[PDB]
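Visitor: Got a sequence here, can you model it:
(one chain, ligands or ions: 1)
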Amino acid sequence: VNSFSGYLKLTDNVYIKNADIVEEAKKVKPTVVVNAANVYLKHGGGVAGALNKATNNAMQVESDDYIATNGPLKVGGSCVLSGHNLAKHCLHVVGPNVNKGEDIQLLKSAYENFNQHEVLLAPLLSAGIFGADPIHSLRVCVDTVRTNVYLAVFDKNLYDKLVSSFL
Ligand SMILES: Nc1ncc(S(=O)(=O)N2CC(F)(F)C[C@H]2C(=O)O)cn1
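Guide: Residues are numbered from 1 along each chain as shown. Pasting the structure now:
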C-alpha cells in the first residue's frame, strides 16, 4: 500500500491521473519524482521548468554543479539528484526531443531508467514541449517499465484522450 490517490489503473504496474506533477509531488512526497530533463539539465520550461520553480531554483543550482563535474547526460540517460521539497530523490531522465531531431527509438531507453526504482511519480517522457506523441509515449511506458509508475498528466483533455484510446 502507498499514498497515491485517484489514479486510474492501466496495467498491473502503470497508473495515471490528471494532475499537476508539482502539486502531486508536494502532497505525496514520493520517494522518486521523475523530471523531463535535457542533457544539460537546464530546467527552463515544461515539466522541468515547473519543478525547478517549485524548488525556488535549488534544483537548477544542484544541476549546474552536477554538469560542471560530470558533463552532459546522454539522450536516453538519467541521473539521480535531490528531490528538494518535492520528493526524496529526483530522477532526471532525458527523452529524445523531436523538436531537436533526436531518434524516437531512444524513448524506450529513457523509460528503462525507471526500472531502477520500485515506485515513481513521473510525467510522460518526450511529451509536451519535447514534441513526441503522448499516446506513443504511454504505449512505450507500458511496454517498458516493470516497476510501479504513477503518471501525472497536466492537461485534462489529453488525459481523457490517453485513457479513451488506451489499448
Ligand atoms: N506541470 C507540468 N508541465 C508540463 C508537463 S509535460 O509537458 O511534461 N506533459 C507531458 C504530457 F502529458 F505529454 C503533456 C504535459 C501534461 O502533463 O499535461 C507536465 N506537468
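
Visitor: now the strands for the chain?
Guide: 8-9, 14-18, 32-36, 78-82, 89-93, 119-122, 148-153 (DSSP state E).

Visitor: Switch these over to TSV; also include mean neighbour count and distance to residue 138.
Guide: To be clear about C-beta, it is placed using only N, CA and C from the backbone, and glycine gets the same treatment. Converted to TSV, the strands of the chain look like this (neighbours: other C-beta atoms under 10 Å; distance: least, C-beta to C-beta, whole Å):
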stretch	mean neighbour count	distance to residue 138
strand 8-9	12	12
strand 14-18	19	8
strand 32-36	28	14
strand 78-82	17	19
strand 89-93	24	15
strand 119-122	23	11
strand 148-153	24	8
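
Visitor: which bits of this structure sit near the ligand?
Guide: Within reach of the ligand by C-beta under 6 Å from any ligand atom, the chain has these residues: 20-22, 36, 46-47, 50, 123-124, 127-129, 134, 153-155, 158.

Visitor: Looking at those residues, which are in helices?
Guide: 21, 22, 46, 47, 50, 134, 158 (DSSP state H).

Visitor: just the buried members of these?
Guide: Applying 16 or more other C-beta atoms under 10 Å to those, the neighbour count classes 21, 22, 46, 47, 50, 134, 158 as buried.

Visitor: of those residues, closest to residue 97?
Guide: residue 46 (10.2 Å; C-beta to C-beta).

Visitor: Any idea how far apart the tips of stretch 42-61 sit?
Guide: Counting by C-alpha to C-alpha, to the nearest Å, you get 10 Å between the two ends of stretch 42-61.

Visitor: and it, which residues are buried?
Guide: Neighbour-count burial for stretch 42-61 [16+ other C-beta under 10 Å]: 43, 46, 47, 48, 49, 50, 51, 52, 54, 55, 59, 60.

Visitor: relative to strand 32-36, how tilted is the longest helix seen in the chain?
Guide: Secondary structure of the chain per DSSP H: the longest helix is helix 58-70. For helix 58-70 against strand 32-36, the angle by axes from the mean of the first three to the mean of the last three C-alpha atoms, to 10 degrees is 80 degrees.

Visitor: which residues touch the residue nearest to residue 90 when sequence neighbours are not counted?
Guide: Closest residue in space to residue 90, ignoring its immediate chain neighbours: residue 83 at 4.7 Å, by C-beta to C-beta, 6 or more residues apart in numbering. Applying C-beta atoms under 8 Å, 6 or more residues apart in numbering to residue 83 gives the contacts 25, 32, 33, 89, 90.

Visitor: List just the nearest of these to the ligand.
Guide: For those, the closest approach to the ligand (C-beta to the nearest ligand atom) belongs to residue 25, at 9.9 Å.
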